[PDB]
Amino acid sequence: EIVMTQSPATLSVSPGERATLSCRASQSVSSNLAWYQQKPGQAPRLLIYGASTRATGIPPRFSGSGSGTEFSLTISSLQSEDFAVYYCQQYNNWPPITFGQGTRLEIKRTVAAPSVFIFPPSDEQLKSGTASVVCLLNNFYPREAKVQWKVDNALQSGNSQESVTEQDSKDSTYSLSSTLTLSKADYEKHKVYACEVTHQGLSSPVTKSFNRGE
């Protein structure tokens, strides 16, 4: 199988700017390289085949170049409708047909610091035997953020899950939840539960915390 690699995975651009997307193949695929566009909730549509030929009805701002193992897709002057995920795909040696893992074009904006909030588990949930502790990071940019759970100053690992929103349709920020799950018996052994957030928009890490029984 020919592995197709697409780096960077995310590209921050503004309308009007030039976007260049990279696609690399593990072996030469000659000119047999295609590109697809996919918007959320929609099927892919073909943009480029033959590594440089525009598909039917694709506007001229889309340009494809490369051969062998090195390929690129260039949008010369980005329009708002072009914000989407882009996949490259070889058809030189198949089966199997192989795709790159996609490059997302993200809407660029100024750095925004997350607002941080921590939520203790509800009394109702503890009665059922489990404790979910929730840390919220609201309305930040860029997406990269580090969340660290500390329980009585002891760093936690392996017991939390994160979810991140899609870029907000009005302000282009992200929000993130970190959910720490503990048994009720484990939760009741400790007092101070803390969420420490590191982000570019913050000069120093911010911690929100609470005391279990109070």
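Start at 1 and count along the sequence shown; that's the residue number.
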Taking the mean of the C-alpha B-factors per stretch from the entry, tell me the winner out of 120-128 and 134-142.
-> 120-128
Can you let me know which of the two, 167-175 or 184-192, has the higher average C-alpha B-factor in the entry?
-> 184-192
Kindly indicate the residue among 78, 84, 73, 97 with the greatest C-alpha B-factor in the PDB record.
-> 78
Among all modelled residues of this chain, ranked by Cα B factor, put residue 158 in the bottom, middle or top third, i.e. lowest, middle or highest.
-> highest
Chain-relative C-alpha B factor for residue 26 (record values, thirds): the highest
What third of its chain, lowest, middle or highest, does the C-alpha temperature factor of residue 204 fall into?
-> highest
Can you work out whether the C-alpha temperature factor of residue 37 puts it in the lowest, middle or highest third of the chain?
-> lowest
Temperature factor at the Cα of residue 105, chain-ranked in thirds, falls in the highest
